[PDB]
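A lone chain, given as structure tokens: the form deposited in one PDB entry.
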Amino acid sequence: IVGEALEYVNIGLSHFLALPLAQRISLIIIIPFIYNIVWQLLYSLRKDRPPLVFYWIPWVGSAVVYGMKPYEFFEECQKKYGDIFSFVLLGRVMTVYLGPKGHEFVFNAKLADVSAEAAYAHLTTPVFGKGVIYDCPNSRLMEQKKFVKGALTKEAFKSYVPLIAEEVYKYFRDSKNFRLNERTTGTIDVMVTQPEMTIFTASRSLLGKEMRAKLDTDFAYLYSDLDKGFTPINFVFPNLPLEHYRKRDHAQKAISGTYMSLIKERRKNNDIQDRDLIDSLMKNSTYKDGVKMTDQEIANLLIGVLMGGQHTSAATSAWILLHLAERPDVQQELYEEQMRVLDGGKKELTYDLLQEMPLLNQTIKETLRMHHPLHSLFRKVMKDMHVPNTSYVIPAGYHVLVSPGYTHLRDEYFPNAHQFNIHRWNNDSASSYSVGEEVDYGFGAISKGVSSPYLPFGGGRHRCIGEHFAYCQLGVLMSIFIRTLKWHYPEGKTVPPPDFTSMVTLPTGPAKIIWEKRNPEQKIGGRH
């Protein structure tokens, strides 16, 4: 009789409920652990799914090894399963597509197939504020990028260069890390100096003199507070009743308030010029459907732009210094270019003269190859995607993960990829260049193909608009570093490994270099 079997399901259920809590809280952990191992083995038999990396702890997935060393994880996975493979990350399924075909599959994915804001909104909305970037539909983001880029013109760059140069020299004069009028040599942590130099140069040029003046006050602490809110933790715990979260949110309110204060005072005096990004968004932030951005949204977009460029740029100048510190040959070669292009230093550095410095630009270009600030770019898959020339279907609710930074470091696309060699870019010093046809998603013509193995600024609709600002900033900064200082490592030190757990792939610190003045008796003028 099978009826007697069902009685014993009932009985056995009643006996299960009566086991000691030693056994039951055992069995609450044992049952999903074994059910997970069963589900994976069954999953491995589906041929319409990319291979899934095996993991033990349910939900947590491969998070630990991915988070700590993602390029090593990808290379081991790539040897095992080829270029397309999935792995489980703190509750989500990430499908990785390595190589140029992966750049194409993700960066050029149809707007209806994937969503960046669905992957990213919790990462950034708590830090930037509401209504901008990833807290708004894609069509709003596109036009927001059009607004910001409209202030990022070559004529803006010609005016930013002397301003950035003034900040770099101010920092050499006044910062405790240098004091070039009092000290001719010294030790700095590049992960202390570069964030400060970056925010000082970016504030002065994009935000204007008033906002730059605030960082000389206690207001600087709010920037520090807000900056600590910029962490990948926000992926999992975006809001918590802790203290870190309170100063972050306070700082966002306080900083966006200072921006709205300045915006509302410029409009009441009609003090609206072409000075900085604030003027620019004030004159040009009405969407095509007629909606104006609010003063709050404009301020929030300013925080997003300044914050993103802060961490990519600061990490990149740190890496440039760290690589050059063990390459006095490269510093020497860069210095000769500076003497030739600037008539032994008797020409004032201009945006135009920066474009005549191919080796300096190639040094930035090579640093960005070896240290892509963003090792992984995410999209949430919104409807099922067929992976061309496979039987693979990526179902909706998965995520796709693209990693041009991994391809940057492959010998097949960059011979001797782990060697720093700026001369691999000889007669190719452009920050990037569209290898053919262009398309415009709402913020300007950009390259249509994204199959280049070198993609420091991504591609497609979510492509960076900061590239020329970053090269302007990095170029002025490194031109002055080169002309002012030599530097090298403390004894037995070398290039640190990256910190992949962070918001960008910044160097693991402290990472110290010893600078020395090229001209001990050179003084920097001005009052302090």
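All residue numbers are counted from 1 along the displayed sequence. Rigid core (definition): largest C-alpha set, two forms, superposition within 1.5 Å.
- Annotation for 48-56 versus 23-31: the higher mean temperature factor (C-alpha) is found in 23-31.
- For the pair 262-270 and 203-211, the mean B factor over Cα atoms is greater in 262-270.
- Sorting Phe128, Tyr171, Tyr433, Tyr351 by the CA temperature factor given in the entry leaves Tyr433 at the top.
- Per the PDB record, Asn427 has a higher Cα B-factor than any other of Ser452, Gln310, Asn361, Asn427.
- For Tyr43, the recorded CA B-factor ranks within the highest third of the chain. Only modelled residues enter the ranking.
- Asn108 sits in the lowest third of its chain by CA B factor, as recorded in the PDB entry.
- The deposited CA B-factor of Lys383 belongs to the highest third of values across its chain.
- Among the modelled residues of its chain, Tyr245 has a C-alpha B-factor that falls in the highest third, as given in the PDB entry.
- When all modelled residues of the chain are sorted by CA temperature factor, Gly466 is found within the lowest third.
What comes next is about the form deposited in another entry, which is not displayed.
- With the core held fixed, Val9 shows a CA shift of 2 Å or greater between the shown form and the other one.
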